[PDB]
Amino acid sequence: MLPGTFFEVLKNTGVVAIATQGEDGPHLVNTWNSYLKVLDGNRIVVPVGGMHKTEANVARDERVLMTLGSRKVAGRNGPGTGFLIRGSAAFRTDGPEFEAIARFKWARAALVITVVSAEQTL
């Protein structure tokens, strides 16, 4: 599900954005490119310190969107690219998906996104 160009983006620095659906509109939070941990089976794991509103949204609607990119990875028509990822999210406080990001001692949980599609948008 995740292409090589996505893994090239993860070798570079940047701001990741994660959109969820809430009762009165979308919500949008961040992490860093370097914090994402990709697992077998199309999973992207994010260390969670805050994400309280995000977690409440995900408990009611698991579908999330994530974007990320880098000036330093070539896109289709010149330098710079990024991705729109769609997937289903879950929060974990134990098990191997939590252990994947437990090195971040500030992490109360892991946000685990099981990818359904990845689109290179540039």
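Residue numbers run from 1 along the displayed sequence.
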Checklist entry - Out of 107-115 and 21-29, which one has CA B-factors that are higher on average in the deposited record? => result 21-29
Item to check | Greater mean Cα temperature factor according to the PDB record, 37-45 or 90-98 | outcome: 90-98
Checklist entry - Based on the entry's values, in what third of the chain does the Cα temperature factor of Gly50 lie: lowest, middle or highest? => result middle
Item to check | Entry-reported Cα temperature factor of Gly69, expressed as the chain third it lands in | outcome: lowest
Item to check | Cα B factor band for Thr81 (lowest, middle or highest third within the chain) | outcome: middle
